[PDB]
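**Q** Coordinates in data36.cif, mmCIF, C-alpha atoms, are listed below.
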```
data_input
#
loop_
_atom_site.label_atom_id
_atom_site.label_comp_id
_atom_site.auth_asym_id
_atom_site.auth_seq_id
_atom_site.Cartn_x
_atom_site.Cartn_y
_atom_site.Cartn_z
CA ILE A 1 111.42 126.87 101.57
CA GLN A 2 109.55 124.75 104.14
CA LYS A 3 106.00 123.35 104.04
CA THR A 4 103.49 123.11 106.93
CA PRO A 5 102.15 119.60 107.76
CA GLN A 6 98.54 118.70 106.95
CA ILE A 7 97.18 116.43 109.69
CA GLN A 8 94.17 114.07 109.75
CA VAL A 9 93.09 112.25 112.93
CA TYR A 10 90.69 109.36 112.36
CA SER A 11 89.94 105.72 113.20
CA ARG A 12 90.41 102.67 110.97
CA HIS A 13 86.95 101.18 111.48
CA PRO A 14 83.66 103.00 112.19
CA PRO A 15 83.90 104.24 115.81
CA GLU A 16 81.76 102.56 118.47
CA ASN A 17 82.00 103.04 122.25
CA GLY A 18 83.63 100.26 124.29
CA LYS A 19 85.00 98.33 121.30
CA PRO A 20 88.73 98.10 120.39
CA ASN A 21 89.94 100.11 117.38
CA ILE A 22 92.96 101.78 115.73
CA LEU A 23 93.47 105.56 115.87
CA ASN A 24 95.42 107.06 112.95
CA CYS A 25 97.37 110.31 112.63
CA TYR A 26 98.12 110.86 108.94
CA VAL A 27 100.63 113.70 108.52
CA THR A 28 101.41 114.92 104.97
CA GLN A 29 102.65 117.90 102.91
CA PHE A 30 105.66 118.63 105.17
CA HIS A 31 109.32 119.46 104.53
CA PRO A 32 112.01 119.06 105.99
CA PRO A 33 111.35 115.39 106.88
CA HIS A 34 112.29 115.72 110.58
CA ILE A 35 109.09 115.76 112.65
CA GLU A 36 107.69 114.70 116.03
CA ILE A 37 104.21 113.18 116.17
CA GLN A 38 102.58 112.80 119.60
CA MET A 39 99.17 111.24 120.22
CA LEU A 40 97.16 112.46 123.20
CA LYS A 41 94.33 111.20 125.42
CA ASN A 42 92.59 113.78 127.63
CA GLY A 43 95.87 115.76 127.63
CA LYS A 44 98.11 112.83 128.59
CA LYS A 45 100.57 111.51 125.99
CA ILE A 46 99.98 108.00 124.63
CA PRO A 47 103.13 105.90 125.22
CA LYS A 48 102.61 103.04 122.73
CA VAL A 49 102.49 104.76 119.31
CA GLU A 50 103.59 103.09 116.05
CA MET A 51 105.02 104.89 113.01
CA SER A 52 104.91 103.90 109.35
CA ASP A 53 107.96 104.21 107.11
CA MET A 54 108.34 107.74 105.80
CA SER A 55 107.85 108.43 102.08
CA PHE A 56 107.66 111.49 99.82
CA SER A 57 105.38 112.34 96.90
CA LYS A 58 105.83 113.91 93.45
CA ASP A 59 105.81 117.44 94.94
CA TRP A 60 108.79 116.45 97.19
CA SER A 61 106.80 116.77 100.44
CA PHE A 62 106.87 113.88 102.92
CA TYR A 63 104.05 111.88 104.48
CA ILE A 64 103.81 109.39 107.35
CA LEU A 65 101.17 107.37 109.22
CA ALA A 66 101.21 107.23 113.02
CA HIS A 67 98.78 104.96 114.87
CA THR A 68 97.90 103.39 118.23
CA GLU A 69 95.26 100.90 119.39
CA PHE A 70 92.48 102.48 121.42
CA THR A 71 89.00 101.82 122.78
CA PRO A 72 86.71 104.85 122.31
CA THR A 73 84.09 105.88 124.87
CA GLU A 74 81.47 108.60 125.43
CA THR A 75 83.71 111.15 127.13
CA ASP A 76 87.33 110.38 126.14
CA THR A 77 89.00 113.06 124.00
CA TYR A 78 91.77 111.96 121.63
CA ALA A 79 94.11 114.29 119.71
CA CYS A 80 97.39 114.36 117.78
CA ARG A 81 100.14 116.95 118.35
CA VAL A 82 102.84 117.65 115.76
CA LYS A 83 106.09 119.62 116.05
CA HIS A 84 107.75 120.96 112.89
CA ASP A 85 110.22 123.75 111.96
CA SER A 86 107.65 125.32 109.62
CA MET A 87 105.43 126.02 112.66
CA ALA A 88 106.21 128.53 115.42
CA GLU A 89 104.42 126.33 117.97
CA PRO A 90 103.03 122.75 117.90
CA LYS A 91 99.80 121.84 116.06
CA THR A 92 97.18 119.86 118.01
CA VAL A 93 94.43 118.30 115.88
CA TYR A 94 91.57 116.76 117.86
CA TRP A 95 89.74 113.59 116.82
CA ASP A 96 86.21 114.06 115.50
CA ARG A 97 84.47 110.68 115.23
CA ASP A 98 82.35 112.04 112.36
CA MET A 99 85.44 113.00 110.31
CA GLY B 1 99.27 100.83 80.66
CA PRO B 2 100.49 103.24 81.75
CA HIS B 3 102.82 101.19 83.99
CA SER B 4 105.75 102.78 85.85
CA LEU B 5 109.00 101.89 87.62
CA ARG B 6 110.13 104.80 89.81
CA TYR B 7 112.91 104.95 92.41
CA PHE B 8 112.53 107.54 95.17
CA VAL B 9 115.82 108.50 96.85
CA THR B 10 116.27 110.60 100.02
CA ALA B 11 119.52 111.81 101.58
CA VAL B 12 119.50 113.95 104.75
CA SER B 13 122.52 115.42 106.55
CA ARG B 14 122.30 115.29 110.36
CA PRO B 15 125.05 117.37 112.05
CA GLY B 16 125.69 116.55 115.72
CA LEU B 17 123.72 113.30 115.55
CA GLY B 18 125.43 110.88 113.18
CA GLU B 19 126.04 110.09 109.53
CA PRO B 20 123.52 111.20 106.91
CA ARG B 21 120.41 109.02 106.55
CA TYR B 22 119.84 107.43 103.16
CA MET B 23 116.72 105.78 101.70
CA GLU B 24 115.93 104.30 98.31
CA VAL B 25 112.34 103.19 97.69
CA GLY B 26 111.28 101.45 94.47
CA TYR B 27 107.70 101.59 93.17
CA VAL B 28 105.88 99.50 90.55
CA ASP B 29 102.80 101.42 89.31
CA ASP B 30 102.97 103.47 92.52
CA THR B 31 103.23 100.40 94.78
CA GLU B 32 106.23 100.06 97.09
CA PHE B 33 107.94 96.77 96.15
CA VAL B 34 111.48 97.39 97.49
CA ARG B 35 113.15 99.59 100.11
CA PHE B 36 116.59 100.37 101.54
CA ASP B 37 117.25 102.32 104.76
CA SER B 38 120.66 103.12 106.25
CA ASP B 39 119.21 103.61 109.76
CA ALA B 40 118.13 99.94 109.94
CA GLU B 41 119.96 97.41 112.16
CA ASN B 42 121.76 95.89 109.15
CA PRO B 43 121.29 98.05 106.01
CA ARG B 44 120.17 95.95 103.02
CA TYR B 45 117.60 95.95 100.20
CA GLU B 46 114.43 94.22 101.39
CA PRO B 47 111.19 93.22 99.65
CA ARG B 48 108.07 95.26 100.43
CA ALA B 49 105.68 93.00 98.50
CA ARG B 50 105.40 89.21 98.83
CA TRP B 51 105.66 88.69 95.04
CA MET B 52 109.29 89.92 95.23
CA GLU B 53 110.34 86.88 97.28
CA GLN B 54 110.72 85.03 93.94
CA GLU B 55 114.01 86.82 93.16
CA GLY B 56 117.21 84.97 94.11
CA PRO B 57 120.06 85.90 96.51
CA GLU B 58 122.30 87.32 93.76
CA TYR B 59 119.62 89.96 93.10
CA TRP B 60 119.46 91.10 96.73
CA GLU B 61 123.24 91.19 97.18
CA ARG B 62 123.65 93.17 93.94
CA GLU B 63 120.98 95.72 94.89
CA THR B 64 122.27 95.94 98.48
CA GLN B 65 125.91 96.62 97.53
CA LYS B 66 124.67 99.14 94.95
CA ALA B 67 122.70 101.10 97.57
CA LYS B 68 125.73 101.42 99.86
CA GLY B 69 127.73 102.83 96.94
CA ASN B 70 124.89 105.25 96.20
CA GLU B 71 124.84 106.37 99.85
CA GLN B 72 128.51 107.38 99.65
CA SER B 73 127.89 109.33 96.42
CA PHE B 74 125.03 111.31 97.99
CA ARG B 75 127.21 111.76 101.08
CA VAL B 76 129.68 113.61 98.83
CA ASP B 77 126.87 115.44 96.98
CA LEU B 78 125.57 116.89 100.27
CA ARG B 79 129.01 118.37 101.03
CA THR B 80 129.29 119.62 97.43
CA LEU B 81 126.00 121.55 97.64
CA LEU B 82 127.09 123.18 100.91
CA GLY B 83 129.91 124.62 98.79
CA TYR B 84 127.63 125.71 95.94
CA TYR B 85 125.33 127.63 98.33
CA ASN B 86 128.14 128.50 100.78
CA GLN B 87 126.18 126.91 103.64
CA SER B 88 127.25 125.90 107.16
CA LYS B 89 128.29 122.30 107.85
CA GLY B 90 126.28 122.33 111.11
CA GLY B 91 122.87 122.59 109.42
CA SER B 92 120.70 119.76 108.10
CA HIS B 93 119.91 119.59 104.37
CA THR B 94 117.91 117.18 102.22
CA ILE B 95 118.71 115.91 98.72
CA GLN B 96 115.82 114.08 97.02
CA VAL B 97 115.65 112.30 93.66
CA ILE B 98 112.93 110.62 91.62
CA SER B 99 114.26 108.51 88.74
CA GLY B 100 112.13 106.17 86.62
CA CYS B 101 110.51 105.10 83.37
CA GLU B 102 106.94 104.57 82.13
CA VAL B 103 105.58 102.19 79.49
CA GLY B 104 102.21 101.70 77.79
CA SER B 105 100.17 98.53 77.26
CA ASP B 106 102.41 97.70 74.29
CA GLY B 107 105.65 98.03 76.32
CA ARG B 108 107.06 101.07 74.50
CA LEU B 109 108.75 103.82 76.52
CA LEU B 110 106.26 106.67 77.02
CA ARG B 111 108.32 108.79 79.42
CA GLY B 112 111.73 108.42 81.04
CA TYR B 113 112.67 110.96 83.71
CA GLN B 114 115.11 111.84 86.48
CA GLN B 115 114.91 114.98 88.63
CA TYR B 116 116.73 116.23 91.73
CA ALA B 117 115.66 118.55 94.55
CA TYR B 118 117.60 120.24 97.35
CA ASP B 119 115.80 121.28 100.56
CA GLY B 120 112.45 120.64 98.83
CA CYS B 121 113.20 122.84 95.80
CA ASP B 122 113.78 121.63 92.24
CA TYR B 123 117.52 121.55 91.50
CA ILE B 124 118.01 119.85 88.13
CA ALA B 125 115.87 117.65 85.86
CA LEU B 126 116.44 115.55 82.75
CA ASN B 127 114.30 116.74 79.83
CA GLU B 128 111.82 114.49 78.00
CA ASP B 129 114.28 114.31 75.08
CA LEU B 130 116.69 112.42 77.41
CA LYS B 131 119.51 114.59 76.00
CA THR B 132 119.58 117.98 77.77
CA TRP B 133 118.92 119.19 81.33
CA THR B 134 117.02 122.02 83.05
CA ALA B 135 118.78 123.83 85.91
CA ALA B 136 116.48 125.36 88.54
CA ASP B 137 119.03 127.89 89.87
CA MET B 138 122.61 129.19 89.53
CA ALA B 139 123.96 126.32 91.67
CA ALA B 140 122.35 123.73 89.37
CA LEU B 141 124.02 125.37 86.34
CA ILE B 142 127.35 124.12 87.74
CA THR B 143 125.97 120.56 87.70
CA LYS B 144 124.40 121.21 84.29
CA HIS B 145 127.80 122.15 82.83
CA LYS B 146 129.46 119.04 84.31
CA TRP B 147 126.98 116.44 83.08
CA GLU B 148 126.70 117.96 79.59
CA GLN B 149 130.47 118.09 78.99
CA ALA B 150 130.73 114.71 80.75
CA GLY B 151 128.05 113.33 78.41
CA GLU B 152 126.15 111.95 81.39
CA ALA B 153 122.65 112.31 79.90
CA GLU B 154 123.58 109.69 77.28
CA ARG B 155 124.64 107.17 79.96
CA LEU B 156 121.34 107.81 81.78
CA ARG B 157 119.46 107.32 78.50
CA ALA B 158 120.84 103.75 78.28
CA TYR B 159 119.51 102.89 81.76
CA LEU B 160 116.10 104.55 81.30
CA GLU B 161 115.37 103.20 77.80
CA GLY B 162 116.86 99.72 78.25
CA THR B 163 117.45 98.57 81.82
CA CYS B 164 114.55 100.33 83.56
CA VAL B 165 112.03 99.20 80.94
CA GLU B 166 113.32 95.61 80.81
CA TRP B 167 113.28 95.22 84.61
CA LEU B 168 109.88 96.95 84.90
CA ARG B 169 108.66 94.45 82.31
CA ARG B 170 110.06 91.63 84.49
CA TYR B 171 108.42 92.84 87.74
CA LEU B 172 104.97 93.14 86.15
CA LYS B 173 105.08 89.46 85.15
CA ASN B 174 106.18 88.35 88.65
CA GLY B 175 103.46 90.43 90.35
CA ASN B 176 100.71 90.44 87.70
CA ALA B 177 97.92 89.13 89.97
CA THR B 178 98.95 91.34 92.90
CA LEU B 179 99.23 94.51 90.77
CA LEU B 180 95.90 93.75 89.04
CA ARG B 181 94.58 94.88 92.46
CA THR B 182 91.04 96.29 93.07
CA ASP B 183 88.91 96.70 96.22
CA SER B 184 85.56 98.43 95.63
CA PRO B 185 84.62 101.10 98.18
CA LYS B 186 81.93 100.58 100.80
CA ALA B 187 80.06 103.89 100.70
CA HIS B 188 77.41 105.54 102.85
CA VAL B 189 75.97 108.95 103.74
CA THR B 190 75.84 110.23 107.32
CA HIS B 191 73.70 113.12 108.58
CA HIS B 192 75.16 115.66 111.02
CA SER B 193 72.58 118.18 112.18
CA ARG B 194 73.00 121.33 114.26
CA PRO B 195 70.82 123.80 116.19
CA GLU B 196 70.43 125.77 112.93
CA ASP B 197 68.44 125.91 109.65
CA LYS B 198 71.16 123.81 107.93
CA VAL B 199 72.47 120.24 108.11
CA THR B 200 75.70 118.56 106.98
CA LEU B 201 75.55 115.60 104.60
CA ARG B 202 78.76 113.57 104.51
CA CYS B 203 79.50 110.93 101.88
CA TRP B 204 81.95 108.18 102.82
CA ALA B 205 84.08 105.72 100.86
CA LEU B 206 85.85 103.02 102.86
CA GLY B 207 87.99 99.93 102.27
CA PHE B 208 89.05 100.70 98.70
CA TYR B 209 92.23 100.14 96.68
CA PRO B 210 94.01 101.71 94.86
CA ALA B 211 93.78 105.16 96.48
CA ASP B 212 92.62 106.77 93.21
CA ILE B 213 89.00 107.84 93.75
CA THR B 214 86.58 110.71 93.15
CA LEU B 215 83.62 111.71 95.32
CA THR B 216 81.13 114.35 94.21
CA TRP B 217 77.91 115.87 95.52
CA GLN B 218 75.32 116.89 92.93
CA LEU B 219 72.21 119.08 93.02
CA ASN B 220 69.71 117.82 90.43
CA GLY B 221 72.39 117.33 87.75
CA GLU B 222 75.17 119.85 88.38
CA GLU B 223 78.20 119.09 90.58
CA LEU B 224 78.79 121.41 93.56
CA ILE B 225 82.60 121.54 93.46
CA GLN B 226 82.84 125.03 95.00
CA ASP B 227 80.52 124.56 98.00
CA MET B 228 81.74 120.97 98.54
CA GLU B 229 84.30 120.09 101.21
CA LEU B 230 86.51 117.00 101.07
CA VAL B 231 89.59 115.48 102.71
CA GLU B 232 92.64 114.05 100.94
CA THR B 233 92.62 110.27 100.48
CA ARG B 234 94.09 108.58 103.55
CA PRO B 235 95.36 105.14 104.63
CA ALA B 236 93.19 103.04 106.93
CA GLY B 237 96.40 101.23 107.94
CA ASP B 238 95.49 97.83 106.46
CA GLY B 239 96.21 98.22 102.72
CA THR B 240 92.96 100.07 101.94
CA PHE B 241 92.13 103.79 101.86
CA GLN B 242 89.41 106.16 103.07
CA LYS B 243 87.88 109.39 101.79
CA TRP B 244 84.86 111.60 102.40
CA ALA B 245 83.24 114.63 100.80
CA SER B 246 80.57 116.80 102.43
CA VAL B 247 78.00 119.50 101.71
CA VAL B 248 75.96 121.86 103.91
CA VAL B 249 72.32 121.89 102.81
CA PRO B 250 69.05 123.50 103.98
CA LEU B 251 67.09 121.62 106.66
CA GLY B 252 64.50 119.32 105.04
CA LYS B 253 66.18 119.40 101.60
CA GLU B 254 68.45 116.36 102.05
CA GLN B 255 66.70 114.26 99.38
CA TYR B 256 67.45 116.94 96.75
CA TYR B 257 71.18 116.10 96.92
CA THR B 258 73.01 113.11 95.44
CA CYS B 259 76.46 111.67 96.20
CA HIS B 260 78.48 109.88 93.51
CA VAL B 261 81.46 107.55 93.98
CA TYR B 262 83.77 106.92 91.01
CA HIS B 263 86.29 104.07 91.29
CA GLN B 264 88.04 101.45 89.13
CA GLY B 265 86.74 98.39 91.02
CA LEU B 266 83.13 99.51 90.59
CA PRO B 267 81.18 98.09 87.64
CA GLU B 268 79.40 101.46 87.55
CA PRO B 269 79.60 104.63 89.68
CA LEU B 270 77.61 104.43 92.92
CA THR B 271 74.75 106.88 93.45
CA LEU B 272 74.06 107.67 97.11
CA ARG B 273 71.34 109.69 98.86
CA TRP B 274 70.55 110.40 102.52
CA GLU B 275 68.17 107.78 103.92
CA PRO B 276 67.17 107.40 107.59
CA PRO B 277 65.98 104.15 109.29
CA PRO B 278 64.04 106.19 110.69
CA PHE C 1 116.98 97.34 89.46
CA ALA C 2 117.87 100.66 91.09
CA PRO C 3 120.22 103.11 89.35
CA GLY C 4 123.90 102.52 90.17
CA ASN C 5 126.86 104.88 89.69
CA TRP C 6 125.02 108.14 90.41
CA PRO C 7 126.81 111.11 88.82
CA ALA C 8 128.25 113.72 91.19
CA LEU C 9 126.62 117.16 91.29
#
```
I'd like the structure from this file rewritten - as structure tokens, please.

**A**
Amino acid sequence: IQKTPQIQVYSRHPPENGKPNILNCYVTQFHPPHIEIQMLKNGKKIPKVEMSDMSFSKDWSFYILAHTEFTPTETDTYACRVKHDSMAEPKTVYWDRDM
Amino acid sequence: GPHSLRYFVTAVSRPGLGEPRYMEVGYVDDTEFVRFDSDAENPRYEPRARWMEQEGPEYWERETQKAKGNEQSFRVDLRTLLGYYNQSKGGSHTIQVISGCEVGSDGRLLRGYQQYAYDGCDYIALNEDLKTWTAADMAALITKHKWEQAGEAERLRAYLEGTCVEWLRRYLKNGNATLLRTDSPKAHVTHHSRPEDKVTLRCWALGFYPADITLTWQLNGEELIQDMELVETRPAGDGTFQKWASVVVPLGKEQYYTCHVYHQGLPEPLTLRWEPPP
Amino acid sequence: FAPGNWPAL
């Protein structure tokens, strides 16, 4: 009995073009714990991506924080792809700077 | 109160990769204060809060050697459950356990508990009496029969009532100022229009700790839980958390709606409304 | 003080 990952893509500080910032990918509500989290930029994969220690909550499901430093602009599109056995194909969530 | 000392244990079999991975993670009032991970360069118990650096070397050695012994036990338990479910050795499986105790402001034991789960499903759990168990399926009835005739619940009762409480009591004193912890949220309301007769009002709460928080939108008194939309509380990545709730409202009726932020660190709940510069 | 001597399933 597996569980599909809930994903939130968002920045640490209020976004502002041409100013350095951290981009988060908070993945939760997933089981089994094995998972791949890729962060994207205009399609291309971001090479330098940190990962928090994995934990699990009182409903047994796991959660983890992935993040990478980035400088937002007018026209750059950032996203976060996630592979998991619960899903038939990967799940790409795109960054909305108002969410 | 209520204060808690919980230990979260994970054991995952990894056929065709290596040995099973093992993690223990201790929490004090839902705050990670210790951690052990077998996939580290040199597996040992390490502090996850700076108030734990008080404890001496004998503590760390004792907890470290204990974790390695626990790893081997869960290594055997993984192979035992394969037998109970008649499962293949070449498939990955996950055993999880939460085991802890809770105390009130007085220090008395409110609830002691320990519960297991296999592949994300409840397996067996110790009842609130701390005497009998509750098996989740036919496999767990085998374990239920063992521990009852073994009298294992009684040995757990000693740990949960005595040891767990006494140590929890100790940690709270060592990290009293750190666990007193409160950052008030910085809150605001953004306006997100659209080529349409409606607009989206979004209420934010940033830079707050602990993660416990409640955001609500109200229309002239009543709370709009059904038509509201909100995200689960999320880490900013610097010790604080974020959250937002939103509502879609008619164009030109933004001042009719009111956002409310409820949080420990606040003297009183914040009351927010859409305001332009303009 | 984590639990030691975990009982076998």

**Q** Residues of chain B that approach chain C to 7 Å or less, counting only C-alpha atoms: could you list each one with the shortest pair of atoms and its distance in Å to one decimal, rows by chain and increasing residue number, as JSON lines?

**A**
```
{"residue": "B:7", "atom": "CA", "partner": "C:2", "partner_atom": "CA", "distance": 6.7}
{"residue": "B:63", "atom": "CA", "partner": "C:1", "partner_atom": "CA", "distance": 6.9}
{"residue": "B:66", "atom": "CA", "partner": "C:4", "partner_atom": "CA", "distance": 5.9}
{"residue": "B:70", "atom": "CA", "partner": "C:6", "partner_atom": "CA", "distance": 6.5}
{"residue": "B:73", "atom": "CA", "partner": "C:6", "partner_atom": "CA", "distance": 6.8}
{"residue": "B:77", "atom": "CA", "partner": "C:9", "partner_atom": "CA", "distance": 5.9}
{"residue": "B:143", "atom": "CA", "partner": "C:9", "partner_atom": "CA", "distance": 5.0}
{"residue": "B:167", "atom": "CA", "partner": "C:1", "partner_atom": "CA", "distance": 6.5}
```

**Q** Quick one: which residues end up in the PyMOL selection byres ((chain A) within 9 of (chain B)) for this structure, as a PyMOL selection string?

**A** chain A and resi 1-3+8+10-13+22+24+26+31-33+55-61+65+67+98-99

**Q** Suppose a student applies the PyMOL selection byres ((chain A and resi 79) around 8) to this structure; what residues should they get, written as a PyMOL selection string?

**A** chain A and resi 9+39-41+77-78+80-81+92-95

**Q** Given the selection you just returned, output its residues as a file containing C-alpha atoms, formatted as an mmCIF file, keeping the file's coordinate frame.

**A**
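As a result, selection.cif now contains:
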```
data_model
loop_
_atom_site.group_PDB
_atom_site.id
_atom_site.type_symbol
_atom_site.label_atom_id
_atom_site.label_comp_id
_atom_site.auth_asym_id
_atom_site.auth_seq_id
_atom_site.Cartn_x
_atom_site.Cartn_y
_atom_site.Cartn_z
ATOM 1 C CA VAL A 9 93.090 112.250 112.930
ATOM 2 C CA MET A 39 99.170 111.240 120.220
ATOM 3 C CA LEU A 40 97.160 112.460 123.200
ATOM 4 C CA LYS A 41 94.330 111.200 125.420
ATOM 5 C CA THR A 77 89.000 113.060 124.000
ATOM 6 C CA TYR A 78 91.770 111.960 121.630
ATOM 7 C CA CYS A 80 97.390 114.360 117.780
ATOM 8 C CA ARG A 81 100.140 116.950 118.350
ATOM 9 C CA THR A 92 97.180 119.860 118.010
ATOM 10 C CA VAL A 93 94.430 118.300 115.880
ATOM 11 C CA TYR A 94 91.570 116.760 117.860
ATOM 12 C CA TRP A 95 89.740 113.590 116.820
#
```

**Q** Please write as a list in words the full residue list that the PyMOL selection byres ((chain B and resi 105) around 8) yields on this file.

**A**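 In the shown coordinates, the PyMOL selection byres ((chain B and resi 105) around 8) covers residues 1, 2, 3, 103, 104, 106, 107 and 108 of chain B.
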
**Q** Include C-alpha atoms and write out the residues we just selected as a PDB file, in the coordinates of the input.

**A**
```
ATOM      1  CA  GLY B   1      99.270 100.830  80.660  1.00  0.00           C
ATOM      2  CA  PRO B   2     100.490 103.240  81.750  1.00  0.00           C
ATOM      3  CA  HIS B   3     102.820 101.190  83.990  1.00  0.00           C
ATOM      4  CA  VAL B 103     105.580 102.190  79.490  1.00  0.00           C
ATOM      5  CA  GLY B 104     102.210 101.700  77.790  1.00  0.00           C
ATOM      6  CA  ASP B 106     102.410  97.700  74.290  1.00  0.00           C
ATOM      7  CA  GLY B 107     105.650  98.030  76.320  1.00  0.00           C
ATOM      8  CA  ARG B 108     107.060 101.070  74.500  1.00  0.00           C
TER       9      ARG B 108
END
```

**Q** Please report the interatomic distance between atom CA of residue A:5 and atom CA of residue A:29 in Å with one decimal.

**A**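 Atom CA of residue A:29 lies 5.2 Å from atom CA of residue A:5.
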
**Q** Go through B:45, B:36, B:209, B:113 one by one, measure the shortest atom-to-atom distance of each to residue B:100 using all atoms listed in the file, and give the residue with the smallest value.

**A**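 When distances to residue B:100 are compared using all atoms listed in the file, the smallest one comes from B:113.
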
**Q** In Å to one decimal, how far is atom CA of residue B:52 from atom CA of residue B:171?

**A**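 Interatomic distance here is 8.1 Å.
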
**Q** Grab the atom CA of residue B:153 to atom CA of residue B:133 distance for me, in Å with one decimal place.

**A**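 Atom CA of residue B:133 lies at a distance of 8.0 Å from atom CA of residue B:153.
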
**Q** Mind filling out stretch 28-39 of chain B with N, CA, C and O atoms and sending it as a CSV table (one decimal), keeping the file's coordinate frame?

**A**
```csv
chain,number,residue,atom,x,y,z
B,28,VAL,N,106.4,100.1,91.8
B,28,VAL,CA,105.9,99.5,90.6
B,28,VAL,C,104.4,99.9,90.4
B,28,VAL,O,103.6,99.4,91.2
B,29,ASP,N,104.1,100.8,89.5
B,29,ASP,CA,102.8,101.4,89.3
B,29,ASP,C,102.3,102.1,90.6
B,29,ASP,O,101.2,101.9,91.0
B,30,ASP,N,103.2,102.8,91.2
B,30,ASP,CA,103.0,103.5,92.5
B,30,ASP,C,102.6,102.5,93.6
B,30,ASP,O,101.6,102.6,94.3
B,31,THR,N,103.4,101.4,93.7
B,31,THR,CA,103.2,100.4,94.8
B,31,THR,C,104.6,100.0,95.3
B,31,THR,O,105.4,99.4,94.5
B,32,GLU,N,104.9,100.3,96.5
B,32,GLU,CA,106.2,100.1,97.1
B,32,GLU,C,106.5,98.6,97.1
B,32,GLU,O,105.9,97.8,97.7
B,33,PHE,N,107.5,98.2,96.3
B,33,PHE,CA,107.9,96.8,96.2
B,33,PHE,C,109.3,96.5,96.7
B,33,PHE,O,109.6,95.3,97.1
B,34,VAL,N,110.2,97.5,96.8
B,34,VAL,CA,111.5,97.4,97.5
B,34,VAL,C,111.8,98.6,98.3
B,34,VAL,O,111.3,99.7,98.1
B,35,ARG,N,112.7,98.5,99.2
B,35,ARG,CA,113.2,99.6,100.1
B,35,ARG,C,114.5,99.3,100.7
B,35,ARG,O,114.9,98.2,101.0
B,36,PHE,N,115.3,100.4,100.8
B,36,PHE,CA,116.6,100.4,101.5
B,36,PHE,C,116.6,101.5,102.5
B,36,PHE,O,116.2,102.6,102.2
B,37,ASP,N,117.1,101.3,103.7
B,37,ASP,CA,117.2,102.3,104.8
B,37,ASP,C,118.5,102.1,105.6
B,37,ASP,O,118.7,101.1,106.2
B,38,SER,N,119.4,103.2,105.6
B,38,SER,CA,120.7,103.1,106.2
B,38,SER,C,120.5,103.1,107.8
B,38,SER,O,121.4,102.6,108.4
B,39,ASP,N,119.4,103.6,108.3
B,39,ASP,CA,119.2,103.6,109.8
B,39,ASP,C,118.6,102.3,110.3
B,39,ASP,O,118.2,102.3,111.5
```
